[PDB]
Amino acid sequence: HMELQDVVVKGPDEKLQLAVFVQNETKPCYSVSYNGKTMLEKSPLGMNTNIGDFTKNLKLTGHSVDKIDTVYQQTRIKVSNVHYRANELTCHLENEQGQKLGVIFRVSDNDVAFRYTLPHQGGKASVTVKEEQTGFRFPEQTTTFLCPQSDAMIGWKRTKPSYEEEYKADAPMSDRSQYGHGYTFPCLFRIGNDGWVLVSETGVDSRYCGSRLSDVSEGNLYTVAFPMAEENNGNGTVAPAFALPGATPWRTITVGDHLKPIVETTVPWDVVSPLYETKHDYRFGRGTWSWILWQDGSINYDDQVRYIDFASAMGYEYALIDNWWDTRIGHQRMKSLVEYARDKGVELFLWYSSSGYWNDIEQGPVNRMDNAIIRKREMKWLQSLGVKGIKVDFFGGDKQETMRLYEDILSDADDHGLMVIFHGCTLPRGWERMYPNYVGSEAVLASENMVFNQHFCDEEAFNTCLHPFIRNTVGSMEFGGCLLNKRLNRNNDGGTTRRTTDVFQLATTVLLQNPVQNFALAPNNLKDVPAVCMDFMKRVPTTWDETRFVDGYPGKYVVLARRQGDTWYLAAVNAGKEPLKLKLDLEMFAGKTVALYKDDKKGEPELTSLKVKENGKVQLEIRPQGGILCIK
């Protein structure tokens, strides 16, 4: 009947369609459909800017279309080779004053990435974007899987926000956020029975701020919100500023009738490029990590010797030395520790606080990463020692000032051949491709919380069944998983109690992806953990060539297969309270004999063999809080 769209752009197979409404509309907007079903209703576009307003009553003066068809290679993500095929719509907009603004849509089969461009105009060479009107409006029956943005300057030593909040599964849209500050990316929506939508953003660097979703308004609308003024302890302004001609980051919409495109999406990397070339061949792998289970009491020379030895015995590439080391071990003895590790075929990652001036962190070393002079001095020392990586913690929030800090740290690091892990940090936004030496981020309730609180032990399976669909699907997640201890303290006889099985934990090494994995193993595990588990952990990969979603539902259960070289790893876990019965079609395992890790009826780990017939017909039952792993 009566159609108002100015122009329509489709994905290559034409299932995904995006329509644009600008002409004669008070508020410029777009809408999204998949297989003819409305996935996003009319959602606002535009922005408010210190050279002009692009919020209301725009004209679409013209448009252009192009076909993108390229191949790119990317390490440190869920797949190693991407054939990117999309259709690009460029819209040229004008406000009543005649000021100009571009909007670009790139639509692949199951993803939309869009951004604004601002040309040099009005004698202006720079701009401050006061606000984005950019929005996402959903069908009435839509439910949500969101974690809230916290207040600023709360939590441990006033270090929040730190992207460390809890989810609600299938929540009503009308629900109010826990703190009244909306939700951090990425954000998962179930469109009734018509499939799924994941909202995020990518290509955020020093030229913008990190963004998030507001609370709902009008019953169904989420608006792109800029960081809160109280972040970074009130230092630095909220509104992002950049040179003209310039652009906003990419807003991303992963949409499908199934969970498969959600899990397998590469849109955080589809629309960004490396910001520098590296001369270093960065080696990824596995680390031992004393602090997770042995905590602050482990930060001393002899215990670090113990974990270095443990890494050597495990054949692990790295050992992570955590907070307090500069004061309880010292820079001087660190050299002999590094030498000792090298003689054992082990290299080190060292913990640093990013923090200089915005919080109350005392754990050191502090003030070695915020000042470029001091930072480069430090990194020269690190490189001269042959330290291979750093873990940088406790950042100041989402303000562009903090983005500047992230990027500059990464750049100096690369100049000194150092890999970088971020903790106490924001969500990575396509950062693996943008930064050659980036090797992962926290931005999640990590395994440390299970050590801290029994609640997070009880919730482990639920969150594990969330991450492949949400947090981890858009980027590396340094979770610190695989706890083979039964009791989460040093002597394995106190503290919190793991609620999941060993095979669950093993499966979690495949489910949760990060290039440099610092697992929560401990030396005592070589004595008090069944040999098959430790044997597996000796062969665990941390990098992948391909990832295939097999089955699952967010927060309930998850089944995925990941390939390294010619070897396929299928991992599944169950967060339900009733046993889970799977009939799977596994092309992977053809007519082959696979190695099967399973919970025995008593819940203990068992390794057997399983013949998968030419039909690919596998059948399996998974106990609650349990898992299954197939390798061939």
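The first residue of the shown sequence is 1; numbering continues from there.
- Taking only CA atoms, the mean B-factor in the PDB entry is higher for 579-587 than for the other of 579-587 and 560-568.
- Note on 394-402 vs 320-328: mean CA B-factor is higher in 320-328.
- Residue set 433, 423, 368, 548: peak C-alpha B-factor at 548 (per PDB entry).
- Residue set 248, 206, 476, 87: peak C-alpha B-factor at 87 (per PDB entry).
- When the modelled residues of the chain are ordered by C-alpha B-factor, residue 377 sits in the middle third.
- Split the chain's modelled residues into thirds by C-alpha temperature factor. Residue 55 is in the highest one.
- Among the modelled residues of its chain, residue 38 has a C-alpha B-factor that falls in the middle third, as given in the PDB entry.
- Residue 297 sits in the middle third of its chain by CA B factor, as recorded in the PDB entry.
- Sorting the modelled residues of the chain by their CA temperature factor places residue 515 in the middle third.
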